[PDB]
>>> print(open('entry12.pdb').read())   # PDB, C-alpha atoms and all ligand atoms
MODEL        1
ATOM      1  CA  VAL A   3      76.789 -57.630  23.719
ATOM      2  CA  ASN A   4      77.570 -54.762  26.131
ATOM      3  CA  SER A   5      80.547 -52.424  26.729
ATOM      4  CA  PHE A   6      81.749 -53.776  30.093
ATOM      5  CA  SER A   7      85.445 -54.696  29.620
ATOM      6  CA  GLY A   8      87.966 -56.809  31.551
ATOM      7  CA  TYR A   9      85.534 -58.660  33.824
ATOM      8  CA  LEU A  10      86.006 -62.191  35.064
ATOM      9  CA  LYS A  11      82.871 -64.281  34.566
ATOM     10  CA  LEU A  12      81.757 -65.953  37.795
ATOM     11  CA  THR A  13      78.428 -67.379  36.641
ATOM     12  CA  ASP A  14      75.933 -67.187  33.801
ATOM     13  CA  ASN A  15      74.958 -63.675  34.932
ATOM     14  CA  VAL A  16      77.552 -62.323  37.418
ATOM     15  CA  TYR A  17      80.841 -60.693  36.414
ATOM     16  CA  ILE A  18      83.537 -59.116  38.600
ATOM     17  CA  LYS A  19      86.474 -56.744  38.189
ATOM     18  CA  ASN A  20      89.030 -54.945  40.338
ATOM     19  CA  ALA A  21      87.919 -51.404  39.579
ATOM     20  CA  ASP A  22      86.900 -48.062  41.052
ATOM     21  CA  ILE A  23      83.130 -47.982  40.491
ATOM     22  CA  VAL A  24      83.346 -44.211  39.953
ATOM     23  CA  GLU A  25      85.889 -44.588  37.153
ATOM     24  CA  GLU A  26      83.983 -47.528  35.680
ATOM     25  CA  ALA A  27      80.651 -45.563  35.601
ATOM     26  CA  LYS A  28      82.315 -42.564  33.937
ATOM     27  CA  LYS A  29      83.746 -44.836  31.210
ATOM     28  CA  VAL A  30      80.706 -47.106  30.492
ATOM     29  CA  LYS A  31      77.874 -44.772  31.318
ATOM     30  CA  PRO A  32      75.668 -47.755  32.237
ATOM     31  CA  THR A  33      71.896 -47.636  32.271
ATOM     32  CA  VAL A  34      72.054 -48.364  36.029
ATOM     33  CA  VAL A  35      74.776 -47.780  38.623
ATOM     34  CA  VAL A  36      74.026 -49.099  42.114
ATOM     35  CA  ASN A  37      74.819 -46.955  45.139
ATOM     36  CA  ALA A  38      75.575 -48.451  48.558
ATOM     37  CA  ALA A  39      73.026 -46.170  50.203
ATOM     38  CA  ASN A  40      71.705 -45.713  53.720
ATOM     39  CA  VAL A  41      68.039 -45.121  54.582
ATOM     40  CA  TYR A  42      68.544 -41.337  54.799
ATOM     41  CA  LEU A  43      70.416 -41.148  51.474
ATOM     42  CA  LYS A  44      73.250 -39.358  53.308
ATOM     43  CA  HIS A  45      76.150 -40.060  50.963
ATOM     44  CA  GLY A  46      79.007 -39.361  53.327
ATOM     45  CA  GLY A  47      81.605 -42.048  52.752
ATOM     46  CA  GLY A  48      82.391 -45.394  51.224
ATOM     47  CA  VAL A  49      80.954 -45.984  47.772
ATOM     48  CA  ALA A  50      78.161 -43.453  48.341
ATOM     49  CA  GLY A  51      80.500 -40.678  49.379
ATOM     50  CA  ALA A  52      82.626 -41.397  46.304
ATOM     51  CA  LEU A  53      79.730 -41.475  43.815
ATOM     52  CA  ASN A  54      78.253 -38.297  45.273
ATOM     53  CA  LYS A  55      81.609 -36.479  45.119
ATOM     54  CA  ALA A  56      81.896 -37.434  41.441
ATOM     55  CA  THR A  57      78.498 -35.737  40.825
ATOM     56  CA  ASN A  58      79.744 -32.510  42.482
ATOM     57  CA  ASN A  59      77.114 -33.082  45.249
ATOM     58  CA  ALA A  60      74.191 -33.133  42.768
ATOM     59  CA  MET A  61      73.339 -36.654  43.946
ATOM     60  CA  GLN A  62      73.027 -35.376  47.534
ATOM     61  CA  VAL A  63      70.854 -32.408  46.496
ATOM     62  CA  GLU A  64      68.482 -34.705  44.596
ATOM     63  CA  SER A  65      68.492 -37.196  47.476
ATOM     64  CA  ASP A  66      67.603 -34.559  50.074
ATOM     65  CA  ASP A  67      64.548 -33.590  48.020
ATOM     66  CA  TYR A  68      63.591 -37.283  47.686
ATOM     67  CA  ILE A  69      63.743 -37.796  51.470
ATOM     68  CA  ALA A  70      61.872 -34.567  52.212
ATOM     69  CA  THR A  71      59.019 -35.836  50.018
ATOM     70  CA  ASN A  72      59.036 -39.582  50.737
ATOM     71  CA  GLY A  73      60.799 -40.156  54.047
ATOM     72  CA  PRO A  74      63.550 -42.709  54.606
ATOM     73  CA  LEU A  75      64.010 -45.942  52.744
ATOM     74  CA  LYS A  76      63.748 -49.353  54.413
ATOM     75  CA  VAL A  77      66.830 -51.443  55.133
ATOM     76  CA  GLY A  78      66.733 -53.902  52.225
ATOM     77  CA  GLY A  79      64.893 -51.372  50.048
ATOM     78  CA  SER A  80      65.799 -49.098  47.175
ATOM     79  CA  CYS A  81      64.816 -46.149  45.047
ATOM     80  CA  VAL A  82      65.665 -45.122  41.487
ATOM     81  CA  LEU A  83      67.044 -41.603  41.065
ATOM     82  CA  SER A  84      69.138 -39.861  38.434
ATOM     83  CA  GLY A  85      72.544 -41.212  37.504
ATOM     84  CA  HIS A  86      73.758 -37.639  36.906
ATOM     85  CA  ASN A  87      77.070 -37.698  34.990
ATOM     86  CA  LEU A  88      77.723 -41.346  35.914
ATOM     87  CA  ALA A  89      74.825 -43.367  34.437
ATOM     88  CA  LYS A  90      71.269 -42.948  33.192
ATOM     89  CA  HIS A  91      69.898 -44.002  36.589
ATOM     90  CA  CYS A  92      71.241 -44.633  40.066
ATOM     91  CA  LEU A  93      69.616 -47.469  42.001
ATOM     92  CA  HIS A  94      70.157 -46.532  45.653
ATOM     93  CA  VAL A  95      70.080 -49.846  47.553
ATOM     94  CA  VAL A  96      70.239 -50.116  51.348
ATOM     95  CA  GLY A  97      72.100 -53.185  52.528
ATOM     96  CA  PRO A  98      72.212 -53.858  56.271
ATOM     97  CA  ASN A  99      75.021 -52.023  58.091
ATOM     98  CA  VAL A 100      76.583 -54.458  60.577
ATOM     99  CA  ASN A 101      78.136 -51.574  62.405
ATOM    100  CA  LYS A 102      74.528 -50.548  63.235
ATOM    101  CA  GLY A 103      73.423 -54.031  64.312
ATOM    102  CA  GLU A 104      71.208 -54.551  61.303
ATOM    103  CA  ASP A 105      70.033 -58.110  60.408
ATOM    104  CA  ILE A 106      72.341 -59.634  57.774
ATOM    105  CA  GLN A 107      69.411 -61.719  56.434
ATOM    106  CA  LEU A 108      68.253 -58.414  54.972
ATOM    107  CA  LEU A 109      71.143 -58.677  52.510
ATOM    108  CA  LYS A 110      69.150 -61.038  50.279
ATOM    109  CA  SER A 111      66.213 -58.599  50.212
ATOM    110  CA  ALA A 112      68.642 -55.823  49.270
ATOM    111  CA  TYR A 113      70.021 -57.803  46.313
ATOM    112  CA  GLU A 114      66.482 -58.655  45.121
ATOM    113  CA  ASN A 115      66.174 -55.010  44.038
ATOM    114  CA  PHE A 116      68.749 -55.725  41.324
ATOM    115  CA  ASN A 117      66.287 -58.115  39.598
ATOM    116  CA  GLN A 118      64.171 -55.134  38.507
ATOM    117  CA  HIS A 119      66.978 -54.086  36.101
ATOM    118  CA  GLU A 120      68.283 -56.120  33.188
ATOM    119  CA  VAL A 121      71.911 -54.920  33.517
ATOM    120  CA  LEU A 122      73.666 -53.120  36.400
ATOM    121  CA  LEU A 123      77.077 -51.884  37.491
ATOM    122  CA  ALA A 124      77.259 -52.412  41.231
ATOM    123  CA  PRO A 125      79.421 -52.745  44.367
ATOM    124  CA  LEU A 126      79.130 -55.631  46.806
ATOM    125  CA  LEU A 127      76.270 -54.711  49.119
ATOM    126  CA  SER A 128      77.014 -54.353  52.829
ATOM    127  CA  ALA A 129      80.780 -54.605  52.184
ATOM    128  CA  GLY A 130      83.345 -51.971  53.102
ATOM    129  CA  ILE A 131      82.210 -49.600  55.835
ATOM    130  CA  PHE A 132      78.875 -51.456  56.111
ATOM    131  CA  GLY A 133      80.787 -54.168  57.957
ATOM    132  CA  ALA A 134      79.660 -57.436  56.348
ATOM    133  CA  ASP A 135      81.943 -60.165  55.050
ATOM    134  CA  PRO A 136      82.423 -59.452  51.309
ATOM    135  CA  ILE A 137      82.798 -63.174  50.551
ATOM    136  CA  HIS A 138      79.321 -63.659  52.002
ATOM    137  CA  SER A 139      77.983 -60.688  50.060
ATOM    138  CA  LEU A 140      79.274 -62.148  46.790
ATOM    139  CA  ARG A 141      77.647 -65.498  47.588
ATOM    140  CA  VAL A 142      74.279 -63.854  48.311
ATOM    141  CA  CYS A 143      74.633 -61.819  45.106
ATOM    142  CA  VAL A 144      75.237 -64.910  42.966
ATOM    143  CA  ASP A 145      72.399 -66.815  44.647
ATOM    144  CA  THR A 146      69.872 -63.933  44.450
ATOM    145  CA  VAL A 147      70.490 -61.772  41.387
ATOM    146  CA  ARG A 148      69.261 -63.275  38.120
ATOM    147  CA  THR A 149      69.824 -60.209  35.932
ATOM    148  CA  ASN A 150      73.237 -59.299  34.540
ATOM    149  CA  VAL A 151      75.421 -57.709  37.204
ATOM    150  CA  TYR A 152      78.922 -56.272  36.772
ATOM    151  CA  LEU A 153      80.550 -56.005  40.210
ATOM    152  CA  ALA A 154      83.348 -53.498  40.813
ATOM    153  CA  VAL A 155      85.660 -54.272  43.745
ATOM    154  CA  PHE A 156      87.919 -51.358  44.684
ATOM    155  CA  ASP A 157      90.514 -53.262  46.730
ATOM    156  CA  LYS A 158      92.844 -55.457  44.663
ATOM    157  CA  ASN A 159      93.706 -57.660  47.641
ATOM    158  CA  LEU A 160      90.008 -58.257  48.305
ATOM    159  CA  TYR A 161      89.259 -58.864  44.624
ATOM    160  CA  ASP A 162      91.894 -61.608  44.470
ATOM    161  CA  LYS A 163      90.538 -63.175  47.650
ATOM    162  CA  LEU A 164      87.023 -62.931  46.258
ATOM    163  CA  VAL A 165      88.057 -64.656  43.015
ATOM    164  CA  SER A 166      90.355 -67.208  44.617
ATOM    165  CA  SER A 167      87.737 -68.231  47.210
ATOM    166  CA  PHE A 168      84.709 -68.297  44.873
ATOM    167  CA  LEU A 169      82.822 -71.706  44.761
TER
HETATM  168  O1  LIG B   1      86.873 -42.619  45.571
HETATM  169  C1  LIG B   1      86.692 -43.159  44.527
HETATM  170  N1  LIG B   1      86.045 -44.450  44.370
HETATM  171  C2  LIG B   1      85.624 -45.261  45.492
HETATM  172  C3  LIG B   1      85.242 -46.557  45.197
HETATM  173  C4  LIG B   1      84.870 -47.405  46.217
HETATM  174  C5  LIG B   1      84.895 -46.941  47.516
HETATM  175  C6  LIG B   1      84.486 -47.925  48.610
HETATM  176  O2  LIG B   1      83.946 -47.587  49.612
HETATM  177  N2  LIG B   1      84.835 -49.323  48.362
HETATM  178  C7  LIG B   1      84.440 -50.241  49.373
HETATM  179  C8  LIG B   1      85.532 -51.110  50.014
HETATM  180  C9  LIG B   1      86.850 -50.860  50.420
HETATM  181  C10 LIG B   1      87.574 -51.878  51.034
HETATM  182  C11 LIG B   1      86.984 -53.124  51.255
HETATM  183  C12 LIG B   1      85.672 -53.365  50.863
HETATM  184  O3  LIG B   1      85.053 -54.607  51.086
HETATM  185  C13 LIG B   1      84.950 -52.342  50.252
HETATM  186  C14 LIG B   1      83.506 -52.362  49.721
HETATM  187  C15 LIG B   1      83.404 -51.176  48.808
HETATM  188  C16 LIG B   1      83.654 -51.567  47.355
HETATM  189  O4  LIG B   1      84.816 -51.865  46.958
HETATM  190  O5  LIG B   1      82.676 -51.592  46.554
HETATM  191  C17 LIG B   1      85.299 -45.654  47.810
HETATM  192 CL1  LIG B   1      85.342 -45.058  49.482
HETATM  193  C18 LIG B   1      85.685 -44.807  46.797
HETATM  194  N3  LIG B   1      87.073 -42.532  43.282
HETATM  195  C19 LIG B   1      87.724 -41.234  43.284
HETATM  196  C20 LIG B   1      88.769 -41.049  42.186
HETATM  197  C21 LIG B   1      89.216 -41.288  43.630
ENDMDL
END
>>> encode(input="entry12.pdb", output="structure tokens")
Amino acid sequence: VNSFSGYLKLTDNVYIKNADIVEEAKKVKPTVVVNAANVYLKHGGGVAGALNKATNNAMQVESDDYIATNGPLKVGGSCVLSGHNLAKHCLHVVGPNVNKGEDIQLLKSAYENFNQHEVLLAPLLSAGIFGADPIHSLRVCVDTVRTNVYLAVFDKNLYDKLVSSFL
């Protein structure tokens, strides 16, 4: 049993809810919140901008030190950093950004990072300002992630379309 509340069950291991991932993280304080990161960990907008703002820019400060030491992530890759006031840990995962021409096949590799964590609160990778089709992202999620994932979808219209179109 866990504290995630009000989710629709899509599969054995994937759950979904119309929710602001920032508000959901503050309320549950999950072991892992996933950030929709880029390779430079520049958390300017979208989910990343929102999570970073909620940490009062502490996420960005930590991220800048990470990059200065380690260099950029790979598209499809991830790193574990602090969850600050939102979670124990933040898993920064880089999905391909279609508005940069990145290969959408890398979306499966991106979701594979979730399998290293038993339970996660997460957004749909490559959705929103990353330009991919969220219906496709949900399908890849369900077909790739085997651990327990609680997806937060900010837009109510999109959430309903995601639920109503789910096979
Ligand atoms: O600002 C926030 N939260 C907060 C949450 C999410 C997002 C976000 O980018 N959402 C994206 C979105 C929007 C439209 C269509 C989409 O396919 C997607 C994918 C992604 C998602 O829904 O995961 C943002 Cl900007 C802010 N909280 C402060 C108190 C105000």
>>> closest_atom_pairs(input="entry12.pdb", of="chain A", to="ligand LIG 1 (chain B)", cutoff="6 Å", atoms="all atoms listed in the file", output="JSON lines")
{"residue": "A:22", "atom": "CA", "partner": "B:LIG1", "partner_atom": "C3", "distance": 4.7}
{"residue": "A:23", "atom": "CA", "partner": "B:LIG1", "partner_atom": "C3", "distance": 5.4}
{"residue": "A:24", "atom": "CA", "partner": "B:LIG1", "partner_atom": "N1", "distance": 5.2}
{"residue": "A:47", "atom": "CA", "partner": "B:LIG1", "partner_atom": "CL1", "distance": 5.8}
{"residue": "A:48", "atom": "CA", "partner": "B:LIG1", "partner_atom": "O2", "distance": 3.1}
{"residue": "A:49", "atom": "CA", "partner": "B:LIG1", "partner_atom": "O2", "distance": 3.9}
{"residue": "A:52", "atom": "CA", "partner": "B:LIG1", "partner_atom": "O1", "distance": 4.5}
{"residue": "A:125", "atom": "CA", "partner": "B:LIG1", "partner_atom": "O5", "distance": 4.1}
{"residue": "A:126", "atom": "CA", "partner": "B:LIG1", "partner_atom": "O5", "distance": 5.4}
{"residue": "A:129", "atom": "CA", "partner": "B:LIG1", "partner_atom": "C14", "distance": 4.3}
{"residue": "A:130", "atom": "CA", "partner": "B:LIG1", "partner_atom": "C13", "distance": 3.3}
{"residue": "A:136", "atom": "CA", "partner": "B:LIG1", "partner_atom": "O3", "distance": 5.5}
{"residue": "A:155", "atom": "CA", "partner": "B:LIG1", "partner_atom": "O4", "distance": 4.1}
{"residue": "A:156", "atom": "CA", "partner": "B:LIG1", "partner_atom": "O4", "distance": 3.9}
{"residue": "A:157", "atom": "CA", "partner": "B:LIG1", "partner_atom": "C10", "distance": 5.4}
>>> resolve_selection(input="entry12.pdb", expression="the PyMOL selection byres (((chain A and resi 51) around 12) and not hetatm)", output="list in words")
residues 23, 24, 37, 38, 39, 40, 43, 44, 45, 46, 47, 48, 49, 50, 52, 53, 54, 55, 56, 57, 58, 59, 60, 61, 62 and 131 of chain A
>>> closest_atom_pairs(input="entry12.pdb", of="stretch 42-90 of chain A", to="stretch 108-121 of chain A", cutoff="10 Å", atoms="only C-alpha atoms", output="Markdown table")
| residue | atom | partner | partner_atom | distance |
| --- | --- | --- | --- | --- |
| A:76 | CA | A:112 | CA | 9.6 |
| A:77 | CA | A:108 | CA | 7.1 |
| A:78 | CA | A:112 | CA | 4.0 |
| A:79 | CA | A:112 | CA | 5.9 |
| A:80 | CA | A:115 | CA | 6.7 |
| A:81 | CA | A:115 | CA | 9.0 |
>>> atom_distance(input="entry12.pdb", atom1="atom CA of residue A:71", atom2="atom CA of residue A:34")
22.9 Å
>>> atom_distance(input="entry12.pdb", atom1="atom CA of residue A:3", atom2="atom CA of residue A:86")
24.1 Å
>>> atom_distance(input="entry12.pdb", atom1="atom CA of residue A:146", atom2="atom CA of residue A:87")
28.8 Å
>>> axis_aligned_box(input="entry12.pdb", around="stretch 21-27 of chain A", padding_each_side="4 Å", output="JSON")
{"center_x": 84.3, "center_y": -47.8, "center_z": 38.3, "size_x": 15.3, "size_y": 15.2, "size_z": 13.5}
>>> residues_around(input="entry12.pdb", residues="residue A:7", least_positions_apart="2", cutoff="12 Å", atoms="all atoms listed in the file", output="list in words")
residues 3, 4, 5, 9, 10, 11, 17, 18, 19, 20, 21, 26, 27, 29, 30, 123, 152, 153 and 154 of chain A
>>> resolve_selection(input="entry12.pdb", expression="the PyMOL selection byres (((chain A and resi 102) around 12) and not hetatm)", output="PyMOL selection string")
chain A and resi 40+77+97-101+103-106+128+131-134
>>> closest_residue(input="entry12.pdb", among="A:127, A:35, A:147, A:140", to="residue A:92", atoms="only C-alpha atoms")
A:35
>>> resolve_selection(input="entry12.pdb", expression="the PyMOL selection byres (((chain A and resi 137) around 8) and not hetatm)", output="list in words")
residues 135, 136, 138, 139, 140, 141, 164, 167 and 168 of chain A
>>> decode(input="entry12.pdb", residues="stretch 12-37 of chain A", atoms="N, CA and C atoms", output="mmCIF file, in the first residue's frame")
data_model
loop_
_atom_site.group_PDB
_atom_site.id
_atom_site.type_symbol
_atom_site.label_atom_id
_atom_site.label_comp_id
_atom_site.auth_asym_id
_atom_site.auth_seq_id
_atom_site.Cartn_x
_atom_site.Cartn_y
_atom_site.Cartn_z
ATOM 1 N N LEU A 12 -4.293 1.944 -15.063
ATOM 2 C CA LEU A 12 -4.280 1.573 -16.472
ATOM 3 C C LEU A 12 -3.863 0.137 -16.678
ATOM 4 N N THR A 13 -2.879 -0.313 -15.906
ATOM 5 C CA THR A 13 -2.339 -1.663 -16.016
ATOM 6 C C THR A 13 -1.958 -2.157 -14.628
ATOM 7 N N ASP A 14 -1.334 -3.334 -14.594
ATOM 8 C CA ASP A 14 -0.844 -3.883 -13.340
ATOM 9 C C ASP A 14 0.007 -2.866 -12.594
ATOM 10 N N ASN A 15 0.806 -2.065 -13.323
ATOM 11 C CA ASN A 15 1.828 -1.240 -12.679
ATOM 12 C C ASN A 15 1.780 0.246 -13.004
ATOM 13 N N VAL A 16 0.899 0.689 -13.895
ATOM 14 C CA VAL A 16 0.833 2.081 -14.326
ATOM 15 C C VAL A 16 -0.507 2.680 -13.922
ATOM 16 N N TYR A 17 -0.423 3.854 -13.304
ATOM 17 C CA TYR A 17 -1.543 4.619 -12.777
ATOM 18 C C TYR A 17 -1.453 6.039 -13.324
ATOM 19 N N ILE A 18 -2.599 6.720 -13.450
ATOM 20 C CA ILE A 18 -2.605 8.049 -14.058
ATOM 21 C C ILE A 18 -3.639 8.953 -13.386
ATOM 22 N N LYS A 19 -3.342 10.242 -13.350
ATOM 23 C CA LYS A 19 -4.199 11.208 -12.678
ATOM 24 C C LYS A 19 -4.021 12.575 -13.327
ATOM 25 N N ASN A 20 -5.120 13.323 -13.420
ATOM 26 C CA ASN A 20 -5.053 14.723 -13.820
ATOM 27 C C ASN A 20 -4.565 15.502 -12.606
ATOM 28 N N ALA A 21 -3.305 15.919 -12.630
ATOM 29 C CA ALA A 21 -2.741 16.588 -11.469
ATOM 30 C C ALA A 21 -1.511 17.390 -11.870
ATOM 31 N N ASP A 22 -1.241 18.427 -11.084
ATOM 32 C CA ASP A 22 -0.017 19.211 -11.189
ATOM 33 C C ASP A 22 1.073 18.456 -10.433
ATOM 34 N N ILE A 23 2.092 17.982 -11.156
ATOM 35 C CA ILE A 23 3.118 17.138 -10.544
ATOM 36 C C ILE A 23 3.803 17.853 -9.382
ATOM 37 N N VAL A 24 3.874 19.182 -9.431
ATOM 38 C CA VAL A 24 4.446 19.940 -8.322
ATOM 39 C C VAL A 24 3.589 19.790 -7.077
ATOM 40 N N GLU A 25 2.277 19.981 -7.226
ATOM 41 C CA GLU A 25 1.367 19.859 -6.094
ATOM 42 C C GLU A 25 1.314 18.426 -5.592
ATOM 43 N N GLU A 26 1.372 17.461 -6.506
ATOM 44 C CA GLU A 26 1.337 16.058 -6.101
ATOM 45 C C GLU A 26 2.595 15.667 -5.288
ATOM 46 N N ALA A 27 3.790 16.121 -5.709
ATOM 47 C CA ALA A 27 5.046 15.845 -5.019
ATOM 48 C C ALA A 27 5.035 16.453 -3.624
ATOM 49 N N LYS A 28 4.578 17.700 -3.511
ATOM 50 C CA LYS A 28 4.498 18.353 -2.202
ATOM 51 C C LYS A 28 3.611 17.570 -1.233
ATOM 52 N N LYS A 29 2.520 16.973 -1.752
ATOM 53 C CA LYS A 29 1.564 16.278 -0.887
ATOM 54 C C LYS A 29 2.014 14.854 -0.510
ATOM 55 N N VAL A 30 2.608 14.101 -1.439
ATOM 56 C CA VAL A 30 2.998 12.709 -1.218
ATOM 57 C C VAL A 30 4.419 12.598 -0.694
ATOM 58 N N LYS A 31 5.265 13.490 -1.126
ATOM 59 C CA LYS A 31 6.673 13.383 -0.780
ATOM 60 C C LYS A 31 7.222 12.013 -1.188
ATOM 61 N N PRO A 32 7.110 11.658 -2.462
ATOM 62 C CA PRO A 32 7.501 10.323 -2.915
ATOM 63 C C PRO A 32 9.000 10.121 -2.778
ATOM 64 N N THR A 33 9.391 8.852 -2.745
ATOM 65 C CA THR A 33 10.809 8.510 -2.778
ATOM 66 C C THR A 33 11.471 9.088 -4.024
ATOM 67 N N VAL A 34 10.792 9.009 -5.171
ATOM 68 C CA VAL A 34 11.326 9.485 -6.447
ATOM 69 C C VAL A 34 10.273 10.304 -7.189
ATOM 70 N N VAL A 35 10.626 11.546 -7.543
ATOM 71 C CA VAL A 35 9.912 12.322 -8.551
ATOM 72 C C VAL A 35 10.787 12.397 -9.793
ATOM 73 N N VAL A 36 10.181 12.180 -10.956
ATOM 74 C CA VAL A 36 10.883 12.278 -12.231
ATOM 75 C C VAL A 36 10.759 13.695 -12.772
ATOM 76 N N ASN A 37 11.891 14.249 -13.198
ATOM 77 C CA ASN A 37 11.924 15.501 -13.935
ATOM 78 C C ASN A 37 12.089 15.229 -15.424
#
